[PDB]
């Protein structure tokens, strides 16, 4: 599978892994995407089953601060789907190493500040919008690579 897309964080209603699972189910490139949904929490079984039901490729399990770096090495995109108002440690670490994010434009969520432009934002819970945003990045390797470097620079500034 060529495109790995990560979301790291608690499996919870607040983090909304489900919108990302549905976005991949809706993607023009569904077959070419694997979601790396890393964490622990009350929704673990629900989202495992959702990915199976929808035919979405996903890899679960938990990662500590060290192991996340290894995973990010391999990622094509990072998605922070959270509505509330959530820790975004992994999102900041993703952009720091030069991975383009797509982040929920939650007006309560401070994480949306990391987006450099609208191509890296999606409307909260809007699975079709997230799907379109992901597909655009997958279609645009050259611009994705350019933006990776812009993200690494912006992340440094934030830290």
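Residue numbers count along the first chain shown, from 1.
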| property | result |
| --- | --- |
| Mean C-alpha temperature factor, higher of 101-109 and 61-69 | 61-69 |
| Which of 88-96 and 44-52 has higher mean CA B factor, as the PDB entry lists it | 88-96 |
| Residue 135 CA temperature factor, ranked by third within the chain | lowest |
| Among modelled residues of the same chain, the CA temperature factor third for residue 156 | highest |
